[PDB]
């Protein structure tokens, strides 16, 4: 609705094509975008009832493509929580979580909490997918190693989903919302100051 008793700003980052936009569109409209269109910058808002009261969830989609690195920091000011994404069937995306994505958001917003989000989990058992990976001696990433990275990189926690089937979809955002609210300290102290 028109009002919200608190605004939670959630920014989503991760390699190109890992499923950031579909994740967001699937969650908010229950629609799965048809074809892939790279994101430059998109901002949306939804209202979510928390404790029976309206809360504004500001969703900020960013560019996974490095061509747009220059523009990415624009999404960072005032972020309350970050979703760092990688496709569970994309080893390179997972590697970039530790080499680009976490360093980047942590550099700009040192005190903002972030969740590690595994996407496209419906592809773990996809023939084509499994064949190509193996065609280069690669396997999907398992929740085990993913959770280990969360741990090592200081993520609030690790969560995975599929925007296609929506499996674990709502829980990723519920957890995001929680990470923005739970810490025993003022939220203003966790909000990115840029």
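Residue numbers count along the first chain shown, from 1.
The deposited model assigns a higher average Cα B-factor to 142-150 than to the other stretch when 43-51 and 142-150 are compared. Note on 70-78 vs 116-124: mean CA B-factor is higher in 116-124. Listed residues 136, 162, 56, 62 were ranked by CA B-factor as deposited; 136 comes out on top. In this PDB entry, the Cα temperature factor of residue 8 sits in the bottom third of its chain's modelled residues, the lowest group. Sort the modelled residues of the chain by CA B factor and residue 181 lands in the highest third.
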